[PDB]
Amino acid sequence: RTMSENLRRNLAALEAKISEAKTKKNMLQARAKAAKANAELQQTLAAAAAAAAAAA
Amino acid sequence: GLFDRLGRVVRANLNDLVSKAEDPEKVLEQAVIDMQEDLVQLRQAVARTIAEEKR
Amino acid sequence: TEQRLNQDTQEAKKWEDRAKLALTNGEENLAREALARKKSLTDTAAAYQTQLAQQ
Amino acid sequence: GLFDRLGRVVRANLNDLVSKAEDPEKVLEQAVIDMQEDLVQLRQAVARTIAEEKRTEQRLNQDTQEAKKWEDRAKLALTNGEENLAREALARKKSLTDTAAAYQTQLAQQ
Amino acid sequence: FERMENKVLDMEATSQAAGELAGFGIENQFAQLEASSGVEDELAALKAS
């Protein structure tokens, strides 16, 4: 019965850090998707706007 | 032994190339899926300790 | 070309009034934006004055 | 060898005839077009050196904030009277500050 | 988590990439110094009015 209090806390502490890792996963993946889009948009627009205007 | 160390290096080079081939973001969510079933294994064993305590 | 000169010079007066409005409203960043529009209109007005002098 | 030199002469005579066939004025503007894309290749590589420079600066910030974390663990060990754990934390702090000086040196070169 | 930390360094690298790309503007930047001082001079006159 003393062991089962210890196991019931260890089981709750394990799912608590699994739960934490899952919320972190969503936020980290979101930042990676956003950063991919920011780089492509900024570089593509700046290059095209300089290039077409100068040629014309 | 020397040939054990050399043997593990040729085997490790091929294994590391396969580890490079999969996307770390996909492998990280596979690791979370794997970690969720690891908690599924722990709850069955822990619950059986309650049954054994009651026995 | 004299009509374009009157169009761009009255547009510069309009932007100067927008700059005055921005300064009384404390929005100095919008006053600089309006002054940038005013400058391109006064610089093209000098080009049209030069074209009109030739004509 | 003699046949290598003779071989390159028969091949060079045909190649020189093809070089005569194109107009030097058209080939000179093709060379300027080619030279403009050569600058396009250089800017991509140079910009990636800026990204790599910033990556070593990120590692420097990671290892220096990790050293501050370990210093806080050392402070906790000292208030808890566990001086043996304070020395363990200081050993982690030292390897992080010594590698931070290596990254500072790398960043200075970059 | 370790492989995900390497992916976090892609965000750090992307931030420095935008900073290095912005650095191409430093020769032109003198125009921003004259523009900014000009707007503060007329704003000071507007505030004094």
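Chains: A, B, C, D and E, in written order; residue numbering restarts at 1 for each.
Basically, a residue touches a chain if its C-beta (ideal position, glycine included) is under 8 Å from a C-beta of that chain, and two chains touch if they have at least 3 such contacts.
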Other chains in touch with both chain C and chain E: none
B-E against A-B, pair bridged by the larger set of C-beta contacts: A-B
Averaged-CA centre spacing for the pair chain E and chain D, given as whole angstrom: 24
How far is the middle of chain B from the middle of chain C, if each middle is the mean of its Cα atoms, in Å? 70
Mind pulling the residue numbers of chain E that touch at least two other chains? 1, 4, 7, 14-15, 17, 21
Once the touch criterion is applied, which pairs of chains come out as touching? A-B, A-E, B-E, C-E, D-E
Where on chain A is chain E touching in the complex? 21, 25, 28, 31-32, 35, 38-39, 42-43, 46
Can you tell me which positions in chain E touch chain B when the two form their complex? 1, 3-4, 6-7
Chain C to chain E touching residues, read off their complex: 19-20, 23-24, 28-29, 31-32, 35-36
Any idea which chain E residues touch chain D in the complex? 9, 12-17, 19-21, 23
Residue set of chain A touching chain B in the complex reads 1, 3-4, 7-8, 11, 14-15, 18, 21-22, 25, 29, 32
